Amino acid sequence: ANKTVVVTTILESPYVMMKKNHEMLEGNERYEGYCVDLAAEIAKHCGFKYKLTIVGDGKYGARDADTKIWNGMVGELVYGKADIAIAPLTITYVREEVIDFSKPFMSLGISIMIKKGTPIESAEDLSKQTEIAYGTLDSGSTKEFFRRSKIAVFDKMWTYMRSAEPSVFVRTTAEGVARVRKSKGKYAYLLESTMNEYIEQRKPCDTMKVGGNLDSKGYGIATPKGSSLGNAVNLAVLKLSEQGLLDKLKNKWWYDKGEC
Amino acid sequence: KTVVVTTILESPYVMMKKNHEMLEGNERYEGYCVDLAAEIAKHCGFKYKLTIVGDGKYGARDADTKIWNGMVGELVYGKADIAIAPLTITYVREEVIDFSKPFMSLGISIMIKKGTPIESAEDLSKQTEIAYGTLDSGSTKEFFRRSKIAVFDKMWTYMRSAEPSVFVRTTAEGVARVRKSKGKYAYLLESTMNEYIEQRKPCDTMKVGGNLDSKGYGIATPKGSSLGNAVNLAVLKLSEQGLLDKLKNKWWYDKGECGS
Ligand SMILES: CCN1CNS(=O)(=O)c2cc(F)ccc21
Ligand SMILES: CCN1CNS(=O)(=O)c2cc(F)ccc21
Ligand SMILES: N[C@@H](CCC(=O)O)C(=O)O
Ligand SMILES: N[C@@H](CCC(=O)O)C(=O)O
Ligand SMILES: [Cl-]
Ligand SMILES: [Cl-]
Ligand SMILES: [Cl-]
Ligand SMILES: [Cl-]
Ligand SMILES: [Cl-]
């Protein structure tokens, strides 16, 4: 018999955001954003009812090196706490080994956010100076990229970041943004081009994405490995992509009401 | 035993090496997909035989007979174990075959003779002096055929009825037509092949406007093939090691045939 599908997601603008009047709203109505709209479209095409739930620990997902335990949305899927993740969850090798991913619904690359006027144009620029600190989000794919990289410039960046004091890592994108904005150009933030380009369109329009992306990947809808939901959701993603609905949702949440 | 790889002669993905007539087996061929096949096979631990698709087509389903041709057909009817080629991930194909996560991104794009007065798909659709078309039996044609997006629908209505036929059998042939058409023929093809051609003599073509859509190529296996899982992880591993980027830079490497 049909059950309500438990969707794990994360409060990350503009994917999932609290609606203005959330304090008097319940269930899915509390939220708005790209992934809220996407969940609606996927559910419609797949014919299921669902319940959006914000991941408890507020993390994307990393495996503890000691205990081998997955946290974040990946953990929610791995341990059977959610049926599907509809979020800016990056497709990675280590994750692909433990959960299923649809074909990508959005492309991104790691990128550099600076306060306007910062004399940085590239990862190479960052790696060759010490005046401007830089870091990444915790418990996500960007941090793991640097930790695992065998590419010289990135390995050099990781060697710096891992030991920098105070810590250059942040717990949320918002914290990284604030750090860039408040540091008078002495902090640059390594984040996905999607979030970077979003922030670039928000007041007070004091940040910008600089240089090319450091890699190329995408977000996928994730399900527990072997989940029967996987096939249908994947086709739904390709259909929506082909129909141009994904391009429409991107423009809607990034650019249509940009503030800059 | 020996994995049979179906692929297609398409520069710079798979090309006959100089003096190939005295070569044998896999050594006859060079290119991005040739190198990729080697890398995938090494990671997955299989021996393989590259074979060029008999009918020289990517893959389309005959409306009447509902039979698949091209590489898609070779997978569907058991003639090959895997396709390693610039084979576009699409909804209709995903229904009948398995695809790895993408190893390369692309979008449908416009190729014009330099100086042609066109900067967008919209421009093309709003005029009639410049003819335009696509490859036969491929994802670009099916995209326009299936599209409910206004401008693309208009372009299709024109293309389907244009006489003489605006469709071509091969990329080389569409490119020739652009060059020999004094600018009265624009070619719709994938950004990857467009950008490759853009950097080669006689440097008289160019990619204009943004891409009309966003998708990628995937390594394809028959539905439910056990090779699928390993090949998918291999793609992600190569991507994260930056080996896919290295391959792209190598085969799209600009020796400065045009300017510089
Ligand atoms: C987000 C759009 N999109 C739809 N799914 S896809 O055809 O598997 C794909 C592959 C890519 F390499 C880049 C984008 C992309
Ligand atoms: C081609 C590189 N690449 C690696 N495989 S992926 O992480 O599934 C992916 C998703 C995208 F949306 C765009 C590119 C991309
Ligand atoms: N999308 C990333 C989080 C953001 C980042 O790591 O930059 C992930 O899935 O882990
Ligand atoms: N990559 C395309 C062929 C080229 C095109 O259609 O423009 C396909 O898989 O069908
Ligand atoms: Cl300031
Ligand atoms: Cl071999
Ligand atoms: Cl439209
Ligand atoms: Cl008709
Ligand atoms: Cl011209």
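Each residue's number is its place along the chain shown, starting with 1.
Looks like X-ray crystallography, 2.0 Å, at least that's what the header says.
Using the three backbone atoms N, Cα and C, a Cβ is placed for every residue, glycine included.
Listed in Swiss-Prot:
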SITE      B:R61  site 'Interaction with the cone snail toxin Con-ikot-ikot'
BINDING   B:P86, B:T88, B:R93, B:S139, B:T140, B:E190  L-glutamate binding site
SITE      B:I118  site 'Crucial to convey clamshell closure to channel opening'
SITE      B:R145  site 'Interaction with the cone snail toxin Con-ikot-ikot'
MOD_RES   B:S147  phosphoserine
MOD_RES   B:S181  phosphoserine
DISULFID  B:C203-B:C258  disulfide bond
SITE      B:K237  site 'Interaction with the cone snail toxin Con-ikot-ikot'
Restricting to the record's L-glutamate-binding residues (B:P86, B:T88, B:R93, B:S139, B:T140, B:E190), give me the longest CA-CA distance in Å as a whole number.
17
Which recorded positions are spatial neighbours of B:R93 (L-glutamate binding site) here, meaning Cα within 10 Å, out of B:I118, B:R145, B:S147, B:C203, B:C258?
none
For the recorded positions B:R61, B:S139, B:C203, B:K237, which residues show a Cβ-Cβ distance under 8 Å to chain A?
B:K237
Integer Cα-Cα distance in angstrom, B:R145 (site 'Interaction with the cone snail toxin Con-ikot-ikot') to B:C203 (disulfide bond):
31
Are there any residues in the same chain, six or more apart in sequence, whose C-beta is under 8 angstroms from the C-beta of B:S139 (L-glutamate binding site), and if so which?
B:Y58, B:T88, B:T90, B:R93, B:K215
Densest Cβ neighbourhood among B:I118, B:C203, B:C258 (recorded positions), 10 Å radius:
B:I118
Would you list the other residues of this chain near L-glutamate - those whose C-beta lies within 8 angstroms of the C-beta centroid of B:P86, B:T88, B:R93, B:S139, B:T140, B:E190 - in sequence order?
B:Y58, B:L87, B:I89, B:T90, B:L106, B:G138, B:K215, B:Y217
For each of B:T88, B:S147, B:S181, count the other CB atoms within 10 A of its CB; which of these recorded positions has the top count?
B:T88
